[PDB]
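Those protein sequence lines, which keep their order, are chains B and A. Residues in the first sequence are numbered consecutively from 3, following the entry's author numbering. Residues in the second sequence are numbered consecutively from 3, following the entry's author numbering. C-beta: ideal position from N, C-alpha, C; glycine also. Since the structure comes first, as structure tokens, the remarks are kept for the end.
Protein chains: 2
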Amino acid sequence: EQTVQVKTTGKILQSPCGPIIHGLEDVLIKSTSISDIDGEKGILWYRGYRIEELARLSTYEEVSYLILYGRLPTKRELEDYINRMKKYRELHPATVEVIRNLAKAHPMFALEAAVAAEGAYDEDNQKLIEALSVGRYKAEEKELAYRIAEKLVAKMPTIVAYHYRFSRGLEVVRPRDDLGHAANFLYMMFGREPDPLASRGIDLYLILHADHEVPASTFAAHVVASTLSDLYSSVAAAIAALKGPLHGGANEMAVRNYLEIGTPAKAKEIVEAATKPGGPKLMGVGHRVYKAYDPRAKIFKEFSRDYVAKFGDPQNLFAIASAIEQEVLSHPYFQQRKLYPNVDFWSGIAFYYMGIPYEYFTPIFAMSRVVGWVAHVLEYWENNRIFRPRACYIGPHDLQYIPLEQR
Amino acid sequence: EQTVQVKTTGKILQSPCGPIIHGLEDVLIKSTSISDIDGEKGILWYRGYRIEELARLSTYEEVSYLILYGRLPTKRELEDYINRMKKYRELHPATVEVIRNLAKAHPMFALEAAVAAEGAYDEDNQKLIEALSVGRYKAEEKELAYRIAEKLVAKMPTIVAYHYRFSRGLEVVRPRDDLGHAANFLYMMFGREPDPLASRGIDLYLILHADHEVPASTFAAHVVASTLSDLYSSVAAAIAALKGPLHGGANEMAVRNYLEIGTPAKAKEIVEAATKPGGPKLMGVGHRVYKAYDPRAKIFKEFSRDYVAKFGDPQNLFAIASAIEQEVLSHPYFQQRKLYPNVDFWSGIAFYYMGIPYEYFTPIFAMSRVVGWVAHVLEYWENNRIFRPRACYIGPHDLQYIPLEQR
Ligand SMILES: [Mg+2]
Ligand SMILES: [Mg+2]
């Protein structure tokens, strides 16, 4: 037994067993080469590449390859990958039936259940499970794991879209091999090939949210994977965590708030009210890591501007958000505390205008982040260790059982 | 930002961001009053009561009440609880269809998906989700949470049994209101009221595995619950973790090993071989916490003795296990290194003889542990904090994007 000095910005709880870092805030679980953030400068990298470059020059197909494999693909590697992903988009009939049965339920339950279901009949997954059951994880198993990772990234939009269609009493729209990842998602949701601007927005969103820190969803994936449980189950657990209101829902709440506000003229007073104790907090402003404008927000804001330039801003969402942004950027309270817009400030606007129901916002985040989840699991598996935390017992000992009739 | 002293018996990895406690071994996440283990003396308590006393005088219905509510029930409370649990046993038709669709899959996938499915249409769950979405968790919500916790404990055996039946192409056997929790499970599995001794075995097993500090499955439930995700989703995540070979399988492997050994005469040579590197090693001998005979093992061994005294020991599992146990206990090596049998050394024997397939062993563990999982979640929710661990980036920055054709 040894003592370790752990730096945390979180709250510490007192216990007879020693201090407890509440929510293990800032506690390190591993080193990673997946993504990095410079919170002071407001820079995000995926596998060494700045998000600006990837958003500008790449696609979710290429970025997902980068996140999963650790480098940019060659032309042949990307072509083969795209073709594998296209083939993988379709779900097993049992999975589709699971989704159908959960058509009237919240989409996140359908995602959890569908991911587990799809994992149940995946032959590679079964093979990998057999291998890990005897502690074998060598070249062949790693190949299975990467194939499974690809499948999970490929299938997530299909699960989401199918649920959307069934939930609306619409006929399911199956994946089209001739469409890209983002375009095909919109096609599956709405049954028509999407406008290229709309497709670009989805692709950009997927790129921008592919990996970031170790939120509770990514952490859940690690804990499940740490027992050598399968990749599908690890992603299902990630989705279970993601559905909690403390993980996500900010981009939805930001849009609902903009609608409530109704007029950009209120921006100044809203921002002022947010500087006072008990005041309604501004959704998508401030960040635990970024003490600068979130680079993802800068990029998505520009996409949003393009979207409303083409399709209009009928609910004045972009106007309202823009007015609030300008007040946030000029208010000393926010400036002094380095509180800036984050990507959630903007990202729900296009979704809302595209006709994506609010309840599908978080599922779309899962569509993006699934690649980060699987890449994180595979990385942890390079040096796996089952998680074995503890609790401090403060209950009594040796209570005497009293017969039922005497209680 | 502050520095906290964290004690650990695990491996520490240094990083640019600080020390990494690999697997978060021994890292405190909360104070608890649910269960406690004295590994040196081989004592286990649930809510202050020794496991020996509970195994001797209680039932899973009463022990589950104890674990969930923190005290022993009065006669009226127990009667009412038992009746609620009986009412909750049956699954929603959508859940049954989910299980049917996964009939040919491994039961743990069915459990994960079925638990999510059941939570999807549970009205109480929906109401609790609504409340937590706006940060409300007061008396009314806690009442919902406990109702949901009871449902999860009540339903787990139904899910398991229905999957078993469907996996064998049989019609489901719905829950019998006149049977106890353990007896009803056997009735649902096999379609006949069980022999009292078999029911006792199931009840005992359920009591004995109800909680055991904070393994990866219980931790997974915490991580998911920490986002204020729902109880069903938290349990589905716990199951996902439980499915991993590092979390279970030992009781099955012990039995397969006894079958391979075939003759108790080999006990001495097998145990002698285990004292050399390496090795092989004896299944269910030694424990990370118990440095004494696992109290659960002592109790379950005696039940197993009773079971084979009545029904026989046709595969000589008890004879083989007993021979090995005697050698382990008399060999100085094991005594000196505090290596004793743990519950896994014995617990698969009765199940095997009862006709429970190996793949249902871990599902039955889930039937037991679900009460610990839900109790742990509710406990955490008394002072919830979302888990916020982090990873330390090690790798390049500012790599230059190269056009596809030039790679
Ligand atoms: Mg522009
Ligand atoms: Mg006896």
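Where does the unbroken alpha helix (DSSP H) through residue i begin, and where does it stop?
i, result
"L146 of chain B", "141 to 169"
"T76 of chain B", "From DSSP, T76 of chain B is part of no alpha helix (DSSP H); its letter is neither H nor E."
"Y335 of chain B", "334 to 338"
"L46 of chain A", "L46 of chain A -> not in any alpha helix (DSSP H); beta strand (DSSP E) instead, spanning 45 to 48."
"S235 of chain A", "233 to 244"
"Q128 of chain A", "125 to 135"
"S60 of chain B", "Element bounds for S60 of chain B: n/a, residue is neither H nor E."
"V8 of chain B", "First-last for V8 of chain B: 4 to 10, but that is the beta strand (DSSP E), not the alpha helix (DSSP H)."
"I204 of chain A", "198 to 210"
"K312 of chain B", "297 to 313"
"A96 of chain B", "95 to 103"
"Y260 of chain A", "252 to 263"
Which residues of chain A have a Cβ atom closer than 9 Å to the Cβ of residue i, listed in chain order?
i, result
"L104 of chain B", "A96, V100, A118, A119, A122, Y123"
"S17 of chain B", "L30, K32, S33"
"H108 of chain B", "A122, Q128, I131"
Does any heavy atom of ligand 2 sit closer than 8 Å to the C-beta of residue i?
i, result
"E304 of chain A", "yes"
Looking at chain A, is there any beta carbon in it that lies within less than 9 Å of the beta carbon of residue i?
i, result
"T5 of chain B", "yes"
"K88 of chain B", "no"
"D346 of chain B", "no"
"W383 of chain B", "no"
"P365 of chain B", "no"
"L26 of chain B", "yes"
"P21 of chain B", "yes"
"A212 of chain B", "no"
Is the closest heavy atom of ligand 1 to the C-beta of residue i under 8 Å?
i, result
"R149 of chain B", "no"
"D197 of chain B", "no"
"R307 of chain B", "yes"
In chain B, which residues lie with their C-beta within 8 Å of the C-beta of residue i?
i, result
"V226 of chain A", "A218, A222, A239, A242, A243, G246"
"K77 of chain A", "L406, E407, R409"
"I396 of chain A", "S33, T34, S35"
"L261 of chain A", "Under the 8 Å cutoff, chain B gives no residues; its nearest Cβ is about 17 Å from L261 of chain A."
"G264 of chain A", "Neighbours of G264 of chain A on chain B: none; closest Cβ ~21 Å, over 8 Å."
Output the distance between the C-alpha atoms of residue i and residue j, rounded to the nearest integer angstrom.
i, j, result
"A325 of chain A", "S332 of chain A", "11 Å"
"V273 of chain A", "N386 of chain A", "47 Å"
"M369 of chain B", "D213 of chain B", "11 Å"
"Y295 of chain B", "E99 of chain A", "48 Å"
"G374 of chain A", "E329 of chain B", "49 Å"
"residue 464 of chain A", "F221 of chain A", "A question about residue 464 of chain A goes unanswered here, because the residues of chain A that appear run from 3 up to 409."
"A118 of chain A", "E27 of chain B", "28 Å"
"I23 of chain A", "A185 of chain B", "43 Å"
"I301 of chain B", "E145 of chain A", "45 Å"
"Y403 of chain B", "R58 of chain A", "10 Å"
"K77 of chain B", "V65 of chain B", "14 Å"
"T160 of chain B", "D179 of chain B", "12 Å"
"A275 of chain B", "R390 of chain B", "44 Å"
"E384 of chain A", "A115 of chain B", "28 Å"
"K245 of chain B", "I322 of chain A", "49 Å"
"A256 of chain B", "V287 of chain B", "10 Å"
"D232 of chain A", "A105 of chain B", "19 Å"
"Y234 of chain A", "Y62 of chain A", "21 Å"
"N127 of chain B", "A151 of chain B", "10 Å"
Interface residues of chain B around residue i at Cβ under 7 Å?
i, result
"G193 of chain A", "None at all; the shortest Cβ gap to chain B is about 25 Å."
"residue 1 of chain A", "Residue numbering for chain A in the displayed model covers 3 to 409; residue 1 of chain A lies beyond these limits and cannot be assessed."
Residues of chain B with a CB under 9 Å from the CB of residue i: which are they?
i, result
"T10 of chain A", "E3, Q4, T5, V6"
"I14 of chain A", "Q4, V6"
"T229 of chain A", "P217, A218, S219, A222, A242, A243, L244, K245, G246, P247, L248, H249, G250"
Counting along the chain, where does the beta strand (DSSP E) carrying residue i start and finish?
i, result
"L30 of chain A", "30 to 34"
"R392 of chain A", "392 to 395"
"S37 of chain B", "37 to 40"
Residue i CB to nearest chain B CB: under 9 Å?
i, result
"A112 of chain A", "yes"
"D400 of chain A", "yes"
"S66 of chain A", "no"
"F389 of chain A", "yes"
"residue 454 of chain A", "The question about residue 454 of chain A has no answer, for chain A in this structure spans 3 to 409."
"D197 of chain A", "no"
"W375 of chain A", "no"
Along chain A, which residues have their Cβ under 8 Å away from the Cβ of residue i?
i, result
"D82 of chain B", "The premise fails here: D82 of chain B is roughly 13 Å from chain A at the closest Cβ pair, so nothing lies under 8 Å."
"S236 of chain B", "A242"
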